[PDB]
Amino acid sequence: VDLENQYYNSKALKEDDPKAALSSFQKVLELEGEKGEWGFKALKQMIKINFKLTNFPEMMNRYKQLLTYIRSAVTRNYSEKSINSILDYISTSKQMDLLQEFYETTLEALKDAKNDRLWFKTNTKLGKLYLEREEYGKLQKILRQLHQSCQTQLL
């Protein structure tokens, strides 16, 4: 059906250089991201090139583009692992000051009810950064939501 968008995701896949890799990726997405399955894998790859090669302000624009494809386009199974590993790369690489903006802006998109372990595991790990920060005020609101999720995890 959409044999076009599948191969331009794979044509813009190799590259090696970031140079113009992200412009040909965007020509896959912006052939109308109708289904959003190859709009996701176009942007997913753009993220792994943006944060790793210096440009985090440019990244967060594309980061929030990706988070649109959760209620539609992609299932929660694959989209769960997508943000997991993209935070694992930024967790070990950059520090608190570039990691915490993405933890918050993730949960903004996760205004979700059926997300239990998807919602809880981001919110549990938001409550760890706020202890190093000395941000105890908002940290209590985080713990109030966490505690109210159960009333395994209540420990």
# chains A, B, ... in the order shown; residues from 1 in each chain; ligands from 1
>>> closest_atom_pairs(of="range 20-125 of chain A", to="range 7-11 of chain A", cutoff="7 Å", atoms="only C-alpha atoms", output="CSV")
residue,atom,partner,partner_atom,distance
A:25,CA,A:9,CA,6.3
A:28,CA,A:8,CA,6.1
A:42,CA,A:9,CA,6.0
>>> write_last_selection(atoms="N, CA and C atoms", output="tab-separated table (two decimals), in the first residue's frame")
chain	number	residue	atom	x	y	z
A	25	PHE	N	14.77	12.35	6.04
A	25	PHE	CA	13.86	11.70	7.00
A	25	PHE	C	12.53	12.44	7.07
A	28	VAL	N	9.85	11.84	4.49
A	28	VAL	CA	9.07	10.61	4.67
A	28	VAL	C	7.84	10.92	5.53
A	42	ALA	N	10.55	7.56	11.33
A	42	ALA	CA	11.31	8.66	10.74
A	42	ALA	C	11.80	9.61	11.83
>>> closest_residue(among="A:102, A:136, A:89, A:78", to="residue 62 in chain A", atoms="only C-alpha atoms")
A:102
>>> closest_residue(among="A:84, A:55, A:50, A:91", to="residue 119 in chain A", atoms="only C-alpha atoms")
A:84
>>> atom_distance(atom1="CA of residue 30 in chain A", atom2="CA of residue 16 in chain A")
22.1 Å
>>> residues_around(residues="range 33-41 of chain A", least_positions_apart="5", cutoff="8 Å", atoms="only C-alpha atoms", output="ChimeraX atom specification")
/A:5-6,9,28,66,69,72-74
>>> residues_around(residues="residue 126 in chain A", least_positions_apart="3", cutoff="9 Å", atoms="only C-alpha atoms", output="PyMOL selection string")
chain A and resi 100+103-104+121-123+129-130+139+142
>>> atom_distance(atom1="CA of residue 93 in chain A", atom2="CA of residue 19 in chain A")
21.9 Å
>>> atom_distance(atom1="CA of residue 124 in chain A", atom2="CA of residue 53 in chain A")
28.4 Å
